[PDB]
file upload39.pdb (PDB, C-alpha atoms)
ATOM      1  CA  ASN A  12     -13.306  15.603 -24.436  1.00  0.00           C
ATOM      2  CA  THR A  13     -11.483  17.677 -21.826  1.00  0.00           C
ATOM      3  CA  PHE A  14      -8.140  16.542 -20.442  1.00  0.00           C
ATOM      4  CA  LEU A  15      -9.649  15.853 -17.026  1.00  0.00           C
ATOM      5  CA  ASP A  16     -12.320  13.543 -18.475  1.00  0.00           C
ATOM      6  CA  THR A  17      -9.974  12.001 -21.041  1.00  0.00           C
ATOM      7  CA  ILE A  18      -7.296  11.030 -18.516  1.00  0.00           C
ATOM      8  CA  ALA A  19      -9.714   9.659 -15.915  1.00  0.00           C
ATOM      9  CA  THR A  20     -11.458   7.553 -18.552  1.00  0.00           C
ATOM     10  CA  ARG A  21      -8.172   5.915 -19.610  1.00  0.00           C
ATOM     11  CA  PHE A  22      -8.226   3.964 -16.343  1.00  0.00           C
ATOM     12  CA  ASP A  23     -11.847   2.757 -16.441  1.00  0.00           C
ATOM     13  CA  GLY A  24     -12.136  -0.822 -15.194  1.00  0.00           C
ATOM     14  CA  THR A  25      -8.569  -1.116 -13.870  1.00  0.00           C
ATOM     15  CA  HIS A  26      -9.578  -0.272 -10.289  1.00  0.00           C
ATOM     16  CA  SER A  27      -6.578   2.051 -10.008  1.00  0.00           C
ATOM     17  CA  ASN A  28      -5.832   4.342  -7.067  1.00  0.00           C
ATOM     18  CA  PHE A  29      -5.241   7.859  -8.384  1.00  0.00           C
ATOM     19  CA  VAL A  30      -6.116  11.541  -8.210  1.00  0.00           C
ATOM     20  CA  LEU A  31      -6.003  14.323 -10.772  1.00  0.00           C
ATOM     21  CA  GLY A  32      -4.666  17.690  -9.652  1.00  0.00           C
ATOM     22  CA  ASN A  33      -5.304  21.004 -11.388  1.00  0.00           C
ATOM     23  CA  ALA A  34      -1.885  22.436 -12.266  1.00  0.00           C
ATOM     24  CA  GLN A  35      -3.496  25.734 -13.306  1.00  0.00           C
ATOM     25  CA  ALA A  36      -4.810  26.435  -9.801  1.00  0.00           C
ATOM     26  CA  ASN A  37      -2.849  27.503  -6.733  1.00  0.00           C
ATOM     27  CA  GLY A  38      -2.055  24.576  -4.443  1.00  0.00           C
ATOM     28  CA  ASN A  39      -2.572  22.036  -7.226  1.00  0.00           C
ATOM     29  CA  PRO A  40      -6.032  21.072  -5.902  1.00  0.00           C
ATOM     30  CA  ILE A  41      -7.381  17.563  -6.398  1.00  0.00           C
ATOM     31  CA  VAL A  42     -10.247  17.794  -8.893  1.00  0.00           C
ATOM     32  CA  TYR A  43     -10.847  14.051  -9.278  1.00  0.00           C
ATOM     33  CA  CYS A  44     -10.158  10.825  -7.389  1.00  0.00           C
ATOM     34  CA  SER A  45     -10.911   7.181  -8.166  1.00  0.00           C
ATOM     35  CA  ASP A  46     -12.949   4.815  -5.998  1.00  0.00           C
ATOM     36  CA  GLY A  47      -9.745   2.849  -5.465  1.00  0.00           C
ATOM     37  CA  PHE A  48      -8.036   5.861  -3.920  1.00  0.00           C
ATOM     38  CA  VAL A  49     -11.000   6.412  -1.602  1.00  0.00           C
ATOM     39  CA  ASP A  50     -10.738   2.806  -0.399  1.00  0.00           C
ATOM     40  CA  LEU A  51      -6.951   2.907  -0.099  1.00  0.00           C
ATOM     41  CA  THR A  52      -6.782   6.000   2.102  1.00  0.00           C
ATOM     42  CA  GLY A  53      -9.978   5.721   4.138  1.00  0.00           C
ATOM     43  CA  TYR A  54     -10.971   9.295   3.289  1.00  0.00           C
ATOM     44  CA  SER A  55     -14.263  10.006   1.528  1.00  0.00           C
ATOM     45  CA  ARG A  56     -14.287  11.512  -1.954  1.00  0.00           C
ATOM     46  CA  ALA A  57     -15.842  14.615  -0.381  1.00  0.00           C
ATOM     47  CA  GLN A  58     -12.876  15.047   1.963  1.00  0.00           C
ATOM     48  CA  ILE A  59     -10.354  14.277  -0.776  1.00  0.00           C
ATOM     49  CA  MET A  60     -11.977  16.831  -3.099  1.00  0.00           C
ATOM     50  CA  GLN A  61     -10.824  19.546  -0.684  1.00  0.00           C
ATOM     51  CA  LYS A  62      -7.170  18.424  -0.582  1.00  0.00           C
ATOM     52  CA  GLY A  63      -4.046  19.074  -2.655  1.00  0.00           C
ATOM     53  CA  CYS A  64      -2.251  16.668  -5.013  1.00  0.00           C
ATOM     54  CA  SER A  65       0.799  16.851  -2.766  1.00  0.00           C
ATOM     55  CA  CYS A  66      -1.264  14.559  -0.534  1.00  0.00           C
ATOM     56  CA  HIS A  67      -0.171  16.406   2.594  1.00  0.00           C
ATOM     57  CA  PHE A  68      -3.303  14.994   4.246  1.00  0.00           C
ATOM     58  CA  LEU A  69      -1.618  11.578   4.029  1.00  0.00           C
ATOM     59  CA  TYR A  70       1.604  12.636   5.789  1.00  0.00           C
ATOM     60  CA  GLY A  71       2.322  11.339   9.282  1.00  0.00           C
ATOM     61  CA  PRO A  72       5.116  10.973  11.877  1.00  0.00           C
ATOM     62  CA  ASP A  73       7.177   8.451   9.883  1.00  0.00           C
ATOM     63  CA  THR A  74       6.750  10.320   6.593  1.00  0.00           C
ATOM     64  CA  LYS A  75      10.350  11.346   5.904  1.00  0.00           C
ATOM     65  CA  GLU A  76      11.000  15.074   5.555  1.00  0.00           C
ATOM     66  CA  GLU A  77      13.143  14.466   2.468  1.00  0.00           C
ATOM     67  CA  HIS A  78      10.222  12.640   0.848  1.00  0.00           C
ATOM     68  CA  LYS A  79       7.947  15.610   1.536  1.00  0.00           C
ATOM     69  CA  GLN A  80      10.563  17.792  -0.164  1.00  0.00           C
ATOM     70  CA  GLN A  81      10.773  15.558  -3.238  1.00  0.00           C
ATOM     71  CA  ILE A  82       7.003  15.782  -3.633  1.00  0.00           C
ATOM     72  CA  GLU A  83       7.011  19.573  -3.275  1.00  0.00           C
ATOM     73  CA  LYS A  84       9.809  19.907  -5.834  1.00  0.00           C
ATOM     74  CA  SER A  85       8.063  17.572  -8.279  1.00  0.00           C
ATOM     75  CA  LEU A  86       4.905  19.686  -8.169  1.00  0.00           C
ATOM     76  CA  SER A  87       6.714  23.037  -8.088  1.00  0.00           C
ATOM     77  CA  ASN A  88       8.924  22.201 -11.076  1.00  0.00           C
ATOM     78  CA  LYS A  89       6.097  20.260 -12.728  1.00  0.00           C
ATOM     79  CA  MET A  90       8.202  17.125 -13.201  1.00  0.00           C
ATOM     80  CA  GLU A  91       7.702  13.374 -12.824  1.00  0.00           C
ATOM     81  CA  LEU A  92       8.230  11.624  -9.515  1.00  0.00           C
ATOM     82  CA  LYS A  93       8.358   7.971  -8.505  1.00  0.00           C
ATOM     83  CA  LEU A  94       8.724   7.594  -4.757  1.00  0.00           C
ATOM     84  CA  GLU A  95       8.441   5.007  -2.002  1.00  0.00           C
ATOM     85  CA  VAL A  96       6.990   6.836   0.986  1.00  0.00           C
ATOM     86  CA  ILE A  97       5.088   6.095   4.187  1.00  0.00           C
ATOM     87  CA  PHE A  98       1.549   7.476   4.100  1.00  0.00           C
ATOM     88  CA  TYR A  99      -1.216   7.355   6.713  1.00  0.00           C
ATOM     89  CA  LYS A 100      -4.862   6.361   6.334  1.00  0.00           C
ATOM     90  CA  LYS A 101      -7.786   8.284   7.833  1.00  0.00           C
ATOM     91  CA  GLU A 102      -7.813   6.258  11.063  1.00  0.00           C
ATOM     92  CA  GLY A 103      -4.034   6.490  11.393  1.00  0.00           C
ATOM     93  CA  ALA A 104      -2.797   3.154  10.033  1.00  0.00           C
ATOM     94  CA  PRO A 105       0.520   3.614   8.184  1.00  0.00           C
ATOM     95  CA  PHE A 106       1.296   1.998   4.834  1.00  0.00           C
ATOM     96  CA  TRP A 107       4.185   1.968   2.381  1.00  0.00           C
ATOM     97  CA  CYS A 108       3.118   3.705  -0.818  1.00  0.00           C
ATOM     98  CA  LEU A 109       4.616   3.814  -4.290  1.00  0.00           C
ATOM     99  CA  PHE A 110       3.666   7.376  -5.192  1.00  0.00           C
ATOM    100  CA  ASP A 111       3.744   8.107  -8.929  1.00  0.00           C
ATOM    101  CA  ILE A 112       3.274  11.627 -10.309  1.00  0.00           C
ATOM    102  CA  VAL A 113       3.301  12.587 -13.978  1.00  0.00           C
ATOM    103  CA  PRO A 114       2.570  16.049 -15.406  1.00  0.00           C
ATOM    104  CA  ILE A 115      -0.113  16.076 -18.100  1.00  0.00           C
ATOM    105  CA  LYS A 116       0.491  18.492 -20.967  1.00  0.00           C
ATOM    106  CA  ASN A 117      -2.097  19.846 -23.388  1.00  0.00           C
ATOM    107  CA  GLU A 118      -1.894  20.378 -27.157  1.00  0.00           C
ATOM    108  CA  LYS A 119       0.187  23.494 -26.440  1.00  0.00           C
ATOM    109  CA  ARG A 120       2.725  21.543 -24.336  1.00  0.00           C
ATOM    110  CA  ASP A 121       1.599  23.330 -21.155  1.00  0.00           C
ATOM    111  CA  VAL A 122       1.176  21.327 -17.944  1.00  0.00           C
ATOM    112  CA  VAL A 123      -2.520  21.488 -17.045  1.00  0.00           C
ATOM    113  CA  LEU A 124      -2.936  18.459 -14.766  1.00  0.00           C
ATOM    114  CA  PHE A 125      -1.027  16.120 -12.495  1.00  0.00           C
ATOM    115  CA  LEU A 126      -1.825  12.418 -12.598  1.00  0.00           C
ATOM    116  CA  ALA A 127      -0.833  11.007  -9.214  1.00  0.00           C
ATOM    117  CA  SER A 128      -1.364   7.323  -8.405  1.00  0.00           C
ATOM    118  CA  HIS A 129      -0.823   5.268  -5.265  1.00  0.00           C
ATOM    119  CA  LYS A 130       0.223   1.636  -4.915  1.00  0.00           C
ATOM    120  CA  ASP A 131       0.133  -0.065  -1.506  1.00  0.00           C
ATOM    121  CA  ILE A 132       3.460  -1.910  -1.354  1.00  0.00           C
ATOM    122  CA  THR A 133       3.416  -2.744   2.361  1.00  0.00           C
ATOM    123  CA  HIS A 134       3.238  -6.430   1.404  1.00  0.00           C
TER     124      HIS A 134
END
call {"tool": "encode", "arguments": {"input": "upload39.pdb", "output": "structure tokens"}}
result
Amino acid sequence: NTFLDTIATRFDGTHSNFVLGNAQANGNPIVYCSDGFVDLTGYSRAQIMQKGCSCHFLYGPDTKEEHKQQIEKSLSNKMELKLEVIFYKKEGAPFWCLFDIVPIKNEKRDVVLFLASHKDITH
């Protein structure tokens, strides 16, 4: 199977919140998102499928600038990131998110995807 299919399938049945971004396309576009991520954020899959893995569409007033920078650098340098950051749902409700990005490499050791997952840690 392809990397996109293979990675998504790994999480079947876990009800995880995650997206897959295409690292070989400008802007690192989201090319897949789980049902859990749809429910978490309040955005439809259709809306999410026109957004970037940086998850800029989740930024709001209290989203720290330094956190936005960390995310940009992670994606730009194609490196891992584990970050506690305030994100905003579709209707504006804020939530604390543990944002986890890992670069996915192919058989040639080239980064072809980003796996980015989201844990609601507002608790």
call {"tool": "atom_distance", "arguments": {"input": "upload39.pdb", "atom1": "atom CA of residue A:39", "atom2": "atom CA of residue A:98"}}
result
18.9 Å
call {"tool": "axis_aligned_box", "arguments": {"input": "upload39.pdb", "around": "stretch 96-109 of chain A", "padding_each_side": "4 Å", "output": "JSON"}}
result
{"center_x": -0.4, "center_y": 5.1, "center_z": 3.6, "size_x": 22.8, "size_y": 14.3, "size_z": 23.7}
call {"tool": "resolve_selection", "arguments": {"input": "upload39.pdb", "expression": "the PyMOL selection byres ((chain A and resi 107) around 7)", "output": "list in words"}}
result
residues 95, 96, 97, 98, 106, 108, 109, 131, 132 and 133 of chain A
call {"tool": "atom_distance", "arguments": {"input": "upload39.pdb", "atom1": "atom CA of residue A:22", "atom2": "atom CA of residue A:68"}}
result
23.9 Å
call {"tool": "closest_residue", "arguments": {"input": "upload39.pdb", "among": "A:126, A:19, A:42, A:51", "to": "residue A:89", "atoms": "all atoms listed in the file"}}
result
A:126
call {"tool": "closest_residue", "arguments": {"input": "upload39.pdb", "among": "A:24, A:72, A:32, A:47", "to": "residue A:60", "atoms": "only C-alpha atoms"}}
result
A:32
call {"tool": "resolve_selection", "arguments": {"input": "upload39.pdb", "expression": "the PyMOL selection byres ((chain A and resi 64) around 7)", "output": "PyMOL selection string"}}
result
chain A and resi 32+39-41+62-63+65-66
call {"tool": "closest_residue", "arguments": {"input": "upload39.pdb", "among": "A:116, A:121, A:128, A:86", "to": "residue A:37", "atoms": "only C-alpha atoms"}}
result
A:86
